[PDB]
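Here the Cβ positions follow ideal geometry from the backbone for every residue, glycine too, while neighbour counts run over all protein chains shown. What follows is calculated from the coordinates using simple rules that are stated; it is not laboratory data.
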Protein chains: 2
Amino acid sequence: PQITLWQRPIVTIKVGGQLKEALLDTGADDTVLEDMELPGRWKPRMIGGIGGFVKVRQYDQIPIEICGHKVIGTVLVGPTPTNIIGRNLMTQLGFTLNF
Amino acid sequence: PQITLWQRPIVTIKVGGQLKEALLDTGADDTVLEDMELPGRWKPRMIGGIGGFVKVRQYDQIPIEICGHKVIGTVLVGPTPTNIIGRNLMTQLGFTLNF
Ligand SMILES: CC(C)CN(C[C@@H](O)[C@H](Cc1ccccc1)NC(=O)O[C@H]1CO[C@H]2OCC[C@H]21)S(=O)(=O)c1ccc(N)cc1
């Protein structure tokens, strides 16, 4: 499908048995979700956003359902203005930018 | 053209007489560039993201060349860690996300 950008490109995700909304974010290398419970162990990760650097929780190999597709990969959990699906998972979906 | 997301989608822009590299950012509502001077009036603004908020100056109706194409719109200028082309300008090039 094709998604224009007059409004935020928000999609429904299913992660950790929870239905949420998230921003398709080509400016994000990594996927960052607001605080939630995920299984398994996490490791520390520091990410640099527009406001500076933040400690987040890195969970690896996490199943997420996005746009009718299952992806599996690294999900960072931490204080973010909004859930963001970064390039690590958008590539799993085969997203490209087109003009 | 079609731009991959395996790497950050960076493109060359021309703005304020100056050539720069910028991140195509579907996750960014507005275009924000690293501190520079732009002609005309501006209004102070705060934008929030991963690390918190940054204070920027908002210039309206600023001409920018992106991917060889001339567009106009709002440009926020401030202490962002990188130049970001937001949705407000990407729409004007008919940019879409496709999968
Ligand atoms: C958090 C989003 C809702 C908004 N951010 C846009 C987003 O694309 C930023 C854009 C961005 C890009 C680089 C540096 C700072 C901000 N990326 C980002 O925070 O990514 C972090 C998560 O993965 C990592 O990969 C890149 C940085 C890390 S934002 O930069 O804060 C932002 C907010 C408002 C406007 N107008 C413009 C930009």
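Any residue in the stretch B:54-61 that is within 13 Å of the ligand (Cβ to nearest atom), under 25 Å from A:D30 (Cβ atoms), within 13 Å of the chain's Cα centre (by Cα) and within 7 Å of another protein chain (Cβ to nearest Cβ)? Checked against the condition, which is being within 13 Å of the ligand (Cβ to nearest atom), under 25 Å from A:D30 (Cβ atoms), within 13 Å of the chain's Cα centre (by Cα) and within 7 Å of another protein chain (Cβ to nearest Cβ), the stretch B:54-61 yields no hits at all. Looking at the stretch A:83-99 only, could you name the residues that are more than 8 Å from chain B (Cβ to nearest Cβ) and either without any contact (Cβ under 8 Å) to a residue 60 or more places away in the chain or among the small types (G, A, S) (or both)? Matches in the stretch A:83-99: A:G86, A:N88, A:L89, A:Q92. So if I check each of A:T82, A:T31, which one is of a type in the set (S, T, N, Q), within 15 Å of the ligand (Cβ to nearest atom) and buried (at least 22 other Cβ atoms within 10 Å of the Cβ)? Step by step, each of A:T82, A:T31 is checked, and only A:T31 is of a type in the set (S, T, N, Q), within 15 Å of the ligand (Cβ to nearest atom) and buried (at least 22 other Cβ atoms within 10 Å of the Cβ). There is no residue in the stretch A:39-47 that is surrounded by fewer than 17 Cβ atoms within 10 Å (Cβ to Cβ), within 14 Å of chain B (Cβ to nearest Cβ) and on the phi > 0 side of the Ramachandran plot. Pairing residues of the stretch B:20-32 that are more than 7 Å from chain A (Cβ to nearest Cβ) with residues that are within 8 Å of the ligand (Cβ to nearest atom) and not in a loop (DSSP other than H, G, I, E, B), at Cβ distances under 7 Å and at least 6 apart in sequence or on separate chains, gives B:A22/B:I84; B:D30/B:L76; B:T31/B:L76; B:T31/B:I84; B:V32/B:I47; B:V32/B:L76; B:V32/B:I84. Applying the set (1) part of a strand (DSSP E or B); (2) within 14 Å of the ligand (Cβ to nearest atom); (3) surrounded by fewer than 14 Cβ atoms within 10 Å (Cβ to Cβ) to A:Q7 leaves exactly one unmet item: (1). Residues that are within 22 Å of A:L33 (Cβ to Cβ) and either in a loop (DSSP other than H, G, I, E, B) or among the small types (G, A, S) (or both) within the stretch B:10-51 comprise B:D25, B:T26, B:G27, B:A28, B:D29, B:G48, B:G49, B:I50, B:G51, listed in sequence order.
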